[PDB]
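File shown: coords.pdb. Contents: PDB, C-alpha atoms.
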```
ATOM      1  CA  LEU I   2      45.094  31.159  -3.443  1.00  0.00           C
ATOM      2  CA  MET I   3      42.322  29.089  -4.960  1.00  0.00           C
ATOM      3  CA  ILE I   4      39.826  31.442  -6.481  1.00  0.00           C
ATOM      4  CA  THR I   5      37.114  29.026  -7.545  1.00  0.00           C
ATOM      5  CA  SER I   6      36.370  25.858  -9.482  1.00  0.00           C
ATOM      6  CA  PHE I   7      34.391  25.159 -12.650  1.00  0.00           C
ATOM      7  CA  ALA I   8      33.035  21.868 -13.961  1.00  0.00           C
ATOM      8  CA  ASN I   9      33.444  23.010 -17.582  1.00  0.00           C
ATOM      9  CA  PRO I  10      37.129  23.413 -18.481  1.00  0.00           C
ATOM     10  CA  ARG I  11      36.354  25.733 -21.391  1.00  0.00           C
ATOM     11  CA  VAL I  12      34.455  28.048 -19.019  1.00  0.00           C
ATOM     12  CA  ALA I  13      37.430  28.060 -16.612  1.00  0.00           C
ATOM     13  CA  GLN I  14      39.810  28.739 -19.487  1.00  0.00           C
ATOM     14  CA  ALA I  15      37.631  31.642 -20.774  1.00  0.00           C
ATOM     15  CA  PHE I  16      37.923  33.288 -17.351  1.00  0.00           C
ATOM     16  CA  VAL I  17      41.709  32.681 -17.244  1.00  0.00           C
ATOM     17  CA  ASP I  18      42.114  34.018 -20.782  1.00  0.00           C
ATOM     18  CA  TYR I  19      40.133  37.134 -19.978  1.00  0.00           C
ATOM     19  CA  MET I  20      42.115  37.803 -16.814  1.00  0.00           C
ATOM     20  CA  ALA I  21      45.379  37.480 -18.755  1.00  0.00           C
ATOM     21  CA  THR I  22      44.227  40.397 -20.969  1.00  0.00           C
ATOM     22  CA  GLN I  23      43.928  42.409 -17.774  1.00  0.00           C
ATOM     23  CA  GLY I  24      47.489  41.482 -16.779  1.00  0.00           C
ATOM     24  CA  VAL I  25      46.549  38.900 -14.167  1.00  0.00           C
ATOM     25  CA  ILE I  26      47.956  35.406 -14.583  1.00  0.00           C
ATOM     26  CA  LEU I  27      45.921  32.483 -13.270  1.00  0.00           C
ATOM     27  CA  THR I  28      46.659  28.777 -13.586  1.00  0.00           C
ATOM     28  CA  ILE I  29      44.335  25.776 -13.632  1.00  0.00           C
ATOM     29  CA  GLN I  30      44.575  22.561 -11.689  1.00  0.00           C
ATOM     30  CA  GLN I  31      42.429  20.372 -13.900  1.00  0.00           C
ATOM     31  CA  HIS I  32      41.473  17.157 -12.124  1.00  0.00           C
ATOM     32  CA  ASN I  33      39.956  14.815 -14.399  1.00  0.00           C
ATOM     33  CA  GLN I  34      38.087  11.704 -13.375  1.00  0.00           C
ATOM     34  CA  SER I  35      35.851   9.426 -15.398  1.00  0.00           C
ATOM     35  CA  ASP I  36      34.490   6.684 -13.130  1.00  0.00           C
ATOM     36  CA  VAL I  37      33.324   3.594 -14.972  1.00  0.00           C
ATOM     37  CA  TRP I  38      30.266   1.882 -13.490  1.00  0.00           C
ATOM     38  CA  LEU I  39      28.704  -1.497 -14.195  1.00  0.00           C
ATOM     39  CA  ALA I  40      25.118  -2.172 -13.090  1.00  0.00           C
ATOM     40  CA  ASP I  41      25.152  -5.938 -13.643  1.00  0.00           C
ATOM     41  CA  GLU I  42      27.464  -7.501 -11.102  1.00  0.00           C
ATOM     42  CA  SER I  43      27.532 -10.847 -12.894  1.00  0.00           C
ATOM     43  CA  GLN I  44      29.575  -9.198 -15.687  1.00  0.00           C
ATOM     44  CA  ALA I  45      32.239  -7.846 -13.292  1.00  0.00           C
ATOM     45  CA  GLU I  46      34.878 -10.513 -13.818  1.00  0.00           C
ATOM     46  CA  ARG I  47      34.505 -10.314 -17.601  1.00  0.00           C
ATOM     47  CA  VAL I  48      34.863  -6.515 -17.527  1.00  0.00           C
ATOM     48  CA  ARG I  49      37.916  -6.680 -15.255  1.00  0.00           C
ATOM     49  CA  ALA I  50      39.582  -9.208 -17.572  1.00  0.00           C
ATOM     50  CA  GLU I  51      39.057  -6.898 -20.539  1.00  0.00           C
ATOM     51  CA  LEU I  52      40.197  -3.905 -18.518  1.00  0.00           C
ATOM     52  CA  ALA I  53      43.530  -5.655 -17.827  1.00  0.00           C
ATOM     53  CA  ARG I  54      44.063  -6.148 -21.551  1.00  0.00           C
ATOM     54  CA  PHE I  55      42.951  -2.577 -22.357  1.00  0.00           C
ATOM     55  CA  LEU I  56      45.365  -1.018 -19.826  1.00  0.00           C
ATOM     56  CA  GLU I  57      48.279  -2.884 -21.421  1.00  0.00           C
ATOM     57  CA  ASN I  58      47.541  -0.946 -24.653  1.00  0.00           C
ATOM     58  CA  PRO I  59      44.488   1.385 -24.825  1.00  0.00           C
ATOM     59  CA  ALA I  60      45.405   2.346 -28.389  1.00  0.00           C
ATOM     60  CA  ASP I  61      45.102  -1.225 -29.741  1.00  0.00           C
ATOM     61  CA  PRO I  62      43.140  -1.296 -33.006  1.00  0.00           C
ATOM     62  CA  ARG I  63      40.437  -3.416 -31.293  1.00  0.00           C
ATOM     63  CA  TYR I  64      39.529  -0.341 -29.222  1.00  0.00           C
ATOM     64  CA  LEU I  65      40.106   2.317 -31.906  1.00  0.00           C
ATOM     65  CA  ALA I  66      38.037   0.536 -34.493  1.00  0.00           C
ATOM     66  CA  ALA I  67      35.140  -0.584 -32.295  1.00  0.00           C
TER      67      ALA I  67
ATOM     68  CA  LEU Z   2      29.949  -1.644  -9.034  1.00  0.00           C
ATOM     69  CA  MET Z   3      32.689   0.834  -9.824  1.00  0.00           C
ATOM     70  CA  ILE Z   4      35.132  -0.842 -12.127  1.00  0.00           C
ATOM     71  CA  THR Z   5      37.824   1.805 -12.371  1.00  0.00           C
ATOM     72  CA  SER Z   6      38.531   5.448 -13.123  1.00  0.00           C
ATOM     73  CA  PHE Z   7      40.427   7.201 -15.912  1.00  0.00           C
ATOM     74  CA  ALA Z   8      41.762  10.748 -16.051  1.00  0.00           C
ATOM     75  CA  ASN Z   9      41.250  10.916 -19.832  1.00  0.00           C
ATOM     76  CA  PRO Z  10      37.539  10.829 -20.713  1.00  0.00           C
ATOM     77  CA  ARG Z  11      38.224   9.651 -24.262  1.00  0.00           C
ATOM     78  CA  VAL Z  12      40.176   6.672 -22.881  1.00  0.00           C
ATOM     79  CA  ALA Z  13      37.267   5.821 -20.544  1.00  0.00           C
ATOM     80  CA  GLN Z  14      34.807   6.158 -23.412  1.00  0.00           C
ATOM     81  CA  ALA Z  15      36.936   3.882 -25.675  1.00  0.00           C
ATOM     82  CA  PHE Z  16      36.729   1.161 -23.018  1.00  0.00           C
ATOM     83  CA  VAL Z  17      32.950   1.676 -22.606  1.00  0.00           C
ATOM     84  CA  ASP Z  18      32.443   1.632 -26.376  1.00  0.00           C
ATOM     85  CA  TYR Z  19      34.430  -1.561 -26.744  1.00  0.00           C
ATOM     86  CA  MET Z  20      32.532  -3.284 -23.948  1.00  0.00           C
ATOM     87  CA  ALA Z  21      29.217  -2.331 -25.571  1.00  0.00           C
ATOM     88  CA  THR Z  22      30.295  -4.305 -28.682  1.00  0.00           C
ATOM     89  CA  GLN Z  23      30.671  -7.290 -26.381  1.00  0.00           C
ATOM     90  CA  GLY Z  24      27.143  -6.777 -25.032  1.00  0.00           C
ATOM     91  CA  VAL Z  25      28.166  -5.244 -21.719  1.00  0.00           C
ATOM     92  CA  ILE Z  26      26.765  -1.826 -20.873  1.00  0.00           C
ATOM     93  CA  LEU Z  27      28.849   0.479 -18.693  1.00  0.00           C
ATOM     94  CA  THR Z  28      28.120   4.065 -17.698  1.00  0.00           C
ATOM     95  CA  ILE Z  29      30.456   6.911 -16.775  1.00  0.00           C
ATOM     96  CA  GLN Z  30      30.285   9.263 -13.841  1.00  0.00           C
ATOM     97  CA  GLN Z  31      32.381  12.088 -15.225  1.00  0.00           C
ATOM     98  CA  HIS Z  32      33.400  14.504 -12.480  1.00  0.00           C
ATOM     99  CA  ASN Z  33      34.866  17.491 -13.854  1.00  0.00           C
ATOM    100  CA  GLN Z  34      36.777  20.071 -11.877  1.00  0.00           C
ATOM    101  CA  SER Z  35      38.968  22.915 -13.056  1.00  0.00           C
ATOM    102  CA  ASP Z  36      40.404  24.719 -10.023  1.00  0.00           C
ATOM    103  CA  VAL Z  37      41.534  28.260 -10.723  1.00  0.00           C
ATOM    104  CA  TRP Z  38      44.639  29.374  -8.828  1.00  0.00           C
ATOM    105  CA  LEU Z  39      46.198  32.797  -8.373  1.00  0.00           C
ATOM    106  CA  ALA Z  40      49.815  33.069  -7.202  1.00  0.00           C
ATOM    107  CA  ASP Z  41      49.785  36.797  -6.428  1.00  0.00           C
ATOM    108  CA  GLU Z  42      47.550  37.382  -3.443  1.00  0.00           C
ATOM    109  CA  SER Z  43      47.450  41.139  -3.976  1.00  0.00           C
ATOM    110  CA  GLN Z  44      45.324  40.539  -7.109  1.00  0.00           C
ATOM    111  CA  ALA Z  45      42.719  38.434  -5.251  1.00  0.00           C
ATOM    112  CA  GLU Z  46      40.080  41.107  -4.759  1.00  0.00           C
ATOM    113  CA  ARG Z  47      40.349  42.219  -8.389  1.00  0.00           C
ATOM    114  CA  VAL Z  48      39.975  38.624  -9.613  1.00  0.00           C
ATOM    115  CA  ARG Z  49      36.985  37.985  -7.340  1.00  0.00           C
ATOM    116  CA  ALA Z  50      35.270  41.147  -8.603  1.00  0.00           C
ATOM    117  CA  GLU Z  51      35.702  39.997 -12.196  1.00  0.00           C
ATOM    118  CA  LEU Z  52      34.603  36.486 -11.294  1.00  0.00           C
ATOM    119  CA  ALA Z  53      31.298  37.877  -9.954  1.00  0.00           C
ATOM    120  CA  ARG Z  54      30.667  39.615 -13.267  1.00  0.00           C
ATOM    121  CA  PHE Z  55      31.740  36.543 -15.279  1.00  0.00           C
ATOM    122  CA  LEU Z  56      29.387  34.198 -13.372  1.00  0.00           C
ATOM    123  CA  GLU Z  57      26.441  36.485 -14.150  1.00  0.00           C
ATOM    124  CA  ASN Z  58      27.081  35.776 -17.869  1.00  0.00           C
ATOM    125  CA  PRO Z  59      30.117  33.661 -18.914  1.00  0.00           C
ATOM    126  CA  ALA Z  60      29.099  33.976 -22.565  1.00  0.00           C
ATOM    127  CA  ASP Z  61      29.382  37.796 -22.617  1.00  0.00           C
ATOM    128  CA  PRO Z  62      31.255  38.991 -25.712  1.00  0.00           C
ATOM    129  CA  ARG Z  63      34.014  40.408 -23.450  1.00  0.00           C
ATOM    130  CA  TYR Z  64      34.963  36.814 -22.585  1.00  0.00           C
ATOM    131  CA  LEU Z  65      34.300  35.235 -26.001  1.00  0.00           C
ATOM    132  CA  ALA Z  66      36.306  37.805 -27.875  1.00  0.00           C
ATOM    133  CA  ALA Z  67      39.268  38.117 -25.506  1.00  0.00           C
TER     134      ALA Z  67
END
```
Is it possible to express this structure as structure tokens?
Amino acid sequence: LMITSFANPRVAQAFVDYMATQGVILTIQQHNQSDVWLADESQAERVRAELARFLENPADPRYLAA
Amino acid sequence: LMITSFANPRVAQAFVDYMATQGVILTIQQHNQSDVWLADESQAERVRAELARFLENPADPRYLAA
């Protein structure tokens, strides 16, 4: 059964950790989503072009060292 | 417009940070959810009792020092 949900993963984990000390084992389904929004529609094509390059290698130095 | 979504918030933020260096400002709608699951239904009432106490003060020393 699904007990509850928390926005803050550290708060959820504190509850889970505490319950484990009482001998009750809980698990977390952490569903993570960061939606990226652009206000200025005229930049959309430019952003999508860069996104294609980024997805090919998000760890490229151009992104790490920005 | 919504450009895309990423599970990893640091990956999303790297993209946003890079785009800012190109003069394009993006924002993130970060929707955070940690669902807490219990496999053993016989413990449900006990967990819900503790959850009520936890919600009243998640920062109580009993949770911090577990």
Any chance you could work out the residue set of the PyMOL selection byres ((chain Z and resi 6) around 8) here, as an mmCIF file with C-alpha atoms, keeping the file's coordinate frame?
```cif
data_model
loop_
_atom_site.group_PDB
_atom_site.id
_atom_site.type_symbol
_atom_site.label_atom_id
_atom_site.label_comp_id
_atom_site.auth_asym_id
_atom_site.auth_seq_id
_atom_site.Cartn_x
_atom_site.Cartn_y
_atom_site.Cartn_z
ATOM 1 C CA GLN I 34 38.087 11.704 -13.375
ATOM 2 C CA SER I 35 35.851 9.426 -15.398
ATOM 3 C CA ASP I 36 34.490 6.684 -13.130
ATOM 4 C CA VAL I 37 33.324 3.594 -14.972
ATOM 5 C CA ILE Z 4 35.132 -0.842 -12.127
ATOM 6 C CA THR Z 5 37.824 1.805 -12.371
ATOM 7 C CA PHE Z 7 40.427 7.201 -15.912
ATOM 8 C CA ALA Z 8 41.762 10.748 -16.051
ATOM 9 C CA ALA Z 13 37.267 5.821 -20.544
#
```
Quick one: apply the PyMOL selection byres ((chain I and resi 48-55) around 10) to the file and drop the selected residues here as a PDB file with C-alpha atoms, in the coordinates of the input.
```pdb
ATOM      1  CA  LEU I  39      28.704  -1.497 -14.195  1.00  0.00           C
ATOM      2  CA  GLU I  42      27.464  -7.501 -11.102  1.00  0.00           C
ATOM      3  CA  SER I  43      27.532 -10.847 -12.894  1.00  0.00           C
ATOM      4  CA  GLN I  44      29.575  -9.198 -15.687  1.00  0.00           C
ATOM      5  CA  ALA I  45      32.239  -7.846 -13.292  1.00  0.00           C
ATOM      6  CA  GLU I  46      34.878 -10.513 -13.818  1.00  0.00           C
ATOM      7  CA  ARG I  47      34.505 -10.314 -17.601  1.00  0.00           C
ATOM      8  CA  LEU I  56      45.365  -1.018 -19.826  1.00  0.00           C
ATOM      9  CA  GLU I  57      48.279  -2.884 -21.421  1.00  0.00           C
ATOM     10  CA  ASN I  58      47.541  -0.946 -24.653  1.00  0.00           C
ATOM     11  CA  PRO I  59      44.488   1.385 -24.825  1.00  0.00           C
ATOM     12  CA  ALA I  60      45.405   2.346 -28.389  1.00  0.00           C
ATOM     13  CA  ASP I  61      45.102  -1.225 -29.741  1.00  0.00           C
ATOM     14  CA  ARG I  63      40.437  -3.416 -31.293  1.00  0.00           C
ATOM     15  CA  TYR I  64      39.529  -0.341 -29.222  1.00  0.00           C
TER      16      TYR I  64
ATOM     17  CA  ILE Z   4      35.132  -0.842 -12.127  1.00  0.00           C
ATOM     18  CA  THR Z   5      37.824   1.805 -12.371  1.00  0.00           C
ATOM     19  CA  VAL Z  12      40.176   6.672 -22.881  1.00  0.00           C
ATOM     20  CA  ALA Z  15      36.936   3.882 -25.675  1.00  0.00           C
ATOM     21  CA  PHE Z  16      36.729   1.161 -23.018  1.00  0.00           C
ATOM     22  CA  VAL Z  17      32.950   1.676 -22.606  1.00  0.00           C
ATOM     23  CA  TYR Z  19      34.430  -1.561 -26.744  1.00  0.00           C
ATOM     24  CA  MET Z  20      32.532  -3.284 -23.948  1.00  0.00           C
ATOM     25  CA  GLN Z  23      30.671  -7.290 -26.381  1.00  0.00           C
ATOM     26  CA  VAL Z  25      28.166  -5.244 -21.719  1.00  0.00           C
ATOM     27  CA  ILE Z  26      26.765  -1.826 -20.873  1.00  0.00           C
ATOM     28  CA  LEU Z  27      28.849   0.479 -18.693  1.00  0.00           C
TER      29      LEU Z  27
END
```
Inset, instruction - Go ahead and compute the interatomic distance for CA of residue 28 (chain Z) and CA of residue 10 (chain I), in Å to one decimal. - result: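 Interatomic distance, CA of residue 28 (chain Z) to CA of residue 10 (chain I): 21.4 Å.
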Legend entry - Between CA of residue 24 (chain I) and CA of residue 67 (chain Z) - distance in Å to one decimal: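 Those two atoms sit 12.5 Å apart.
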Inset, instruction - Grab the CA of residue 22 (chain Z) to CA of residue 33 (chain I) distance for me, in Å with one decimal place. - result: 25.7 Å
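Nearest residue to chain I among Z:66, Z:3, Z:21, Z:14 is Z:3, counting all atoms listed in the file.
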